[PDB]
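Engineer: quick one: experimental structure and sequence below.
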Amino acid sequence: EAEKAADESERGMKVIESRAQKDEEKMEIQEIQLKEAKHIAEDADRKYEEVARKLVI
Amino acid sequence: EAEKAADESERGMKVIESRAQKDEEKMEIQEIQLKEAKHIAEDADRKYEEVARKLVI
Amino acid sequence: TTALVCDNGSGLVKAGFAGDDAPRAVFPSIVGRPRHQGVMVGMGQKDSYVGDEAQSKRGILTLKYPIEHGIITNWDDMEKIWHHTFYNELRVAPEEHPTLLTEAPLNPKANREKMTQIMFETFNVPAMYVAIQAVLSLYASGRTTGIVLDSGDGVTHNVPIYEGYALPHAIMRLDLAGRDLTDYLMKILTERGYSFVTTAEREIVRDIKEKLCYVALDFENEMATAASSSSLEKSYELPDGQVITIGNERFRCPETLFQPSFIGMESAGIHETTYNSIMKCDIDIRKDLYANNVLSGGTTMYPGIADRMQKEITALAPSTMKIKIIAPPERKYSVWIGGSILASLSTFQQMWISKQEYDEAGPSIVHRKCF
Amino acid sequence: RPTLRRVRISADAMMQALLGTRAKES
Amino acid sequence: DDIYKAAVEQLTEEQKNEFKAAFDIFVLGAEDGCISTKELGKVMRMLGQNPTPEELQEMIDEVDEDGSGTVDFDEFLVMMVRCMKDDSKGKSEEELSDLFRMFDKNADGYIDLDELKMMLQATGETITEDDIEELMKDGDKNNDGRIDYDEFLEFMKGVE
Ligand SMILES: Nc1ncnc2c1ncn2[C@@H]1O[C@H](COP(=O)(O)OP(=O)(O)O)[C@@H](O)[C@H]1O
Ligand SMILES: [Ca+2]
Ligand SMILES: [Ca+2]
Ligand SMILES: [Mg+2]
């Protein structure tokens, strides 16, 4: 009985760990995309303010 | 042997569940901030285009 | 067929087919051999990672640029860089494509001759042509006059041109550029406790310089403000954590451009070598050069330089002339865009150095009529 | 001065780069 | 310009349904219901193409007339067929210049619109006088009532 319980717990542990690792990898990719979005936002903001100042002059 | 294996399996399942929930939260917040940043980027690009045209005029 | 507009540069190699808007592949020009021993067997470890691959494994490499100041100091590494550029970043064999390299003004002859000899013997191109890096930047602006200050990463040169007639006696080439600013920033960061020494950490200091530094409109006022308030201290996260806070090092690093006495150089800043380059020109084309001052090159991308330079020149120049500084948003790739435009012209199609011509006169053909 | 564009690679390649695994018909 | 409109008007509802379903599948999960300039630019970045935000604004201004920054059904099809430029090089400059110089049969440097009328009679496509009027308006930039050589270059610029 104990052997059966241990094997079932082992299988559940392995599958849940695999799914967690894959979702973690995708989360890392999402963070990379967020960083790129941050950079794009900052660059565009600088563009806009510079152009507005030049237009005023 | 079975007792020790069961204890280790329980601890591993606990830690994997905690890490999985952490990953889900990170994925959610990453997606939210990503969408907000993309919308801000769209707004900035539109403003840049409009002010550039006015500047040429 | 289409022409290959390569642009060696010093710090970033920019290449792409003629007739487009932006270079196809842009990657640092560094070749880094591994320096540690290596214990894993069969890992497939190469002997030299070039280009953008060595900016990801830079933790265990010793990166070394093959181009010091415009000139090329290590020909084997430069050949390796060119081979990578042709075969892996563009995937076009050079046997079927003309090439248009670019070269700084006032460079040693042997460099140019060796460049053409390599392109004709090793890669075996059909025809190659070498052009001065400033005329292209003037092409890209769509002008035909103007004095262009092309402050690259290796060398800053200032070529005045009028009505298409270059003035060879008024070229002022100065060897302060982005690399010296990186070294000076790495040297003044030590005043807060951060020590970067390894050749890999020079890349981190370069990233700090790109993302944080800016050129002050007035130097003394900024030095006084940064010493009282704390509204300037911007923080930055290293590749491992331990954020750092840059204080008045922000505008002191790029200030070296206007006061080369900081790094011990004698010469005058980029604000005064432009005025000197203008004053060497004839008395009747000075107004046009004043009105069409062009900026190019990577290092002229600092936020707030197009105003500091205009203020300085307006201080130097006579009060009546109008001083205008052209700073297009596509400054970094201005030279390559101009190169694409020049290679796409029909009138230019007979200026290439054809291979049979090289076979008849040797590598010294480049100094001849085909310039 | 004319302009030439090559970054706009053939639309099939763009569709492939967009889709990937689901690039079966488009 | 309206070149993609012409190309897709040659095409039929097959392309309409095709691009509709493509929007359904690829733009799945979107909140706007169209394609935006920033939207398509980010899509290009995701696939691997590197367009610039200034280019994004330029292209969307070219495709969008109402100022919405998105694509109408006809505008959506025009933009979708726009990204690839199959046809280029627009006929030949010198041959068409000769054709236009002989078009001025009076050889006065000016084009009589009656010559245009006769040439169109030769063309014979289903067209009303107002259609050629609009075409001349597209061509007669200075509105001189004739076809200027430079304006002849302009209106035939890139025309296959
Ligand atoms: N956005 C930026 N802000 C400040 N400095 C920059 C920026 N981009 C590049 N640089 C500096 O310019 C150098 C790249 O110059 P580049 O024009 O590529 O030289 P080259 O003429 O050899 O191509 C980099 O070493 C960097 O120090
Ligand atoms: Ca619209
Ligand atoms: Ca006529
Ligand atoms: Mg350069």
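Structural biologist: Yes, it's here. Numbering: from 1, shown residues only, chains lettered A, B, ... in the order given. Ligands and ions are numbered 1, 2, ... in the order given.
Engineer: C-alpha only now, for contacts and for neighbours.
Structural biologist: OK.
Engineer: the closest residue to ligand 1 within chain A and ligand 2, how far apart?
Structural biologist: Here the residue of chain A nearest ligand 1 is residue A:43; by CA to the nearest ligand atom that distance is 9.8 Å. Per CA to the ion, to the nearest Å, residue A:43 is found 26 Å from ligand 2.
Engineer: what of residue E:148?
Structural biologist: In terms of CA to the ion, residue E:148 sits 33 Å off from ligand 2.
Engineer: swap in residue C:8?
Structural biologist: 42 Å.
Engineer: what about residue 15, how many neighbours?
Structural biologist: All of this is about chain A. The local packing of residue A:15 (other CA atoms under 10 Å in any protein chain shown) involves 10 other residues.
Engineer: that's the wrong chain, I meant chain E
Structural biologist: Neighbours of residue E:15 using other CA under 10 Å come to 14.
Engineer: and residue C:19, by the same measure?
Structural biologist: Counted with other CA under 10 Å, residue C:19 comes out at 24.
Engineer: for residue E:143, same thing?
Structural biologist: 12.
Engineer: go on, residue A:48?
Structural biologist: Residue A:48: 19 neighbours (other CA under 10 Å).
Engineer: still on that earlier bit, ramachandran coordinates for the residue of chain A closest to ligand 1?
Structural biologist: As for residue A:43, its main-chain torsions (degrees, to the nearest 10) stand at phi -60, psi -40.
Engineer: now it: how far from residue C:245?
Structural biologist: Counting by CA to CA, to the nearest Å, the separation of residue A:43 from residue C:245 is 21 Å.
Engineer: give me every residue that touches residue 20.
Structural biologist: Just going to use chain A. Neighbour list for residue A:20: B:16, B:19-20, B:23 [criterion: CA atoms under 8 Å, 6 or more residues apart in numbering or on different chains].
Engineer: which among the residues you listed end up buried?
Structural biologist: Neighbour-count burial (16 or more other CA atoms under 10 Å in any protein chain shown) applied to the contacts of residue A:20 gives B:16, B:20, B:23.
Engineer: restricted to strands, list the contacts of residue A:20.
Structural biologist: Mapping the contacts of residue A:20 onto strands (DSSP state E) picks out no residues; all lie outside.
Engineer: helices of chain E, start to end?
Structural biologist: E:3-10, E:13-26, E:37-47, E:53-63, E:73-82, E:93-103, E:113-123, E:129-139, E:149-155 (DSSP state H).
Engineer: quick one: closest of those helices to chain C.
Structural biologist: helix E:53-63 (10.0 Å; CA to the nearest CA).
Engineer: tell me which residues are up against the closest one.
Structural biologist: So helix E:53-63 is contacted by B:45-46, B:49, E:1, E:36-38, E:41, E:67, E:69-71, E:75, E:78-79 (CA under 8 Å, 6+ apart).
Engineer: and ligand 2, is it touching that?
Structural biologist: No - remark: helix E:53-63 sits outside contact range of ligand 2, by CA under 5 Å from the ion, the gap being at least 6.3 Å.
Engineer: ok, how many other residues are close to the residue in chain D positioned nearest to ligand 2?
Structural biologist: Closest to ligand 2 within chain D is residue D:8: 21.4 Å, counting by CA to the ion. For residue D:8, the tally of surrounding residues (other CA under 10 Å) stands at 16.
Engineer: which residues does residue C:362 contact?
Structural biologist: Contacts of residue C:362 (CA under 8 Å, 6+ apart): none.
Engineer: just confirm residue C:229 is within a strand.
Structural biologist: No - applying DSSP: H, G, I helix; E, B strand; the rest coil, one finds residue C:229 to be coil, outside a strand.
Engineer: could you measure from it over to residue C:248?
Structural biologist: From residue C:229 over to residue C:248 the distance is 11 Å, taken as CA to CA.
Engineer: more neighbours: which of these two?
Structural biologist: residue C:248 (19 against 9).
Engineer: so that one touches residue C:226, yeah?
Structural biologist: Yes - contact criterion CA atoms under 8 Å: residue C:248 and residue C:226 qualify, at 5.8 Å.
Engineer: what touches both of these two?
Structural biologist: Jointly contacting residue C:248 and residue C:226 under the rule CA under 8 Å, 6+ apart are residue C:232.
Engineer: helices along the chain, start to end?
Structural biologist: With no chain named, the answer covers chain A. Assigned helices in chain A, in chain order: A:2-56 (criterion: DSSP H).
Engineer: my bad, the chain I had in mind was chain C
Structural biologist: Ranges of helices in chain C, per DSSP H, are C:75-84, C:109-121, C:133-140, C:178-188, C:201-212, C:219-226, C:249-252, C:270-279, C:286-291, C:305-316, C:334-343, C:355-361.
Engineer: out of these, flag the one nearest ligand 3.
Structural biologist: helix C:334-343 (36.5 Å).
Engineer: which residues are contacting the closest one?
Structural biologist: C:3, C:5-7, C:14-15, C:17-23, C:100, C:133-141, C:296-297, C:348-349, D:1-3.
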